[PDB]
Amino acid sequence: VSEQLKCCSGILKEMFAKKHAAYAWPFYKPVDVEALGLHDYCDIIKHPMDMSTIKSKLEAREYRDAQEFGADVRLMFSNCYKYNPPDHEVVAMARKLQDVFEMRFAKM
């Protein structure tokens, strides 16, 4: 079980890597509703999530297991899929980052 969380932190480490920076930068920090001028975001997204928020909970040992870690990762992507139309640029970057997550999360 501790093997899982160690591998989970390693998966998130690569997600922060520069090789994925071209499309993973909008999800590094929490959604800045003030900076983006988003008024309806907090109304539509009942639970926001980003990559740094995962890092703090992972280092704070708040994830009971790996499945709980993946739920926040999936929650982070879906919020982008729920709020943004499918043709927008940010949805395309969220899919290309989720492909990085799904391919290693499957190979535990």
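The term rigid core refers to the most C-alpha atoms you can superpose between the two forms while keeping them within 1.5 Å. Numbering starts at 1 and runs along the sequence shown.
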After core superposition, the stretch with larger RMS C-alpha deviation in 7 other deposited structures of this protein, comparing 78-86 and 32-40, is 32-40
Higher avg CA temperature factor (55-63 vs 68-76, as deposited) belongs to 55-63
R95: CA B-factor among chain residues, third -> lowest
Assert third(CA B-factor, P86) within chain per record equals middle
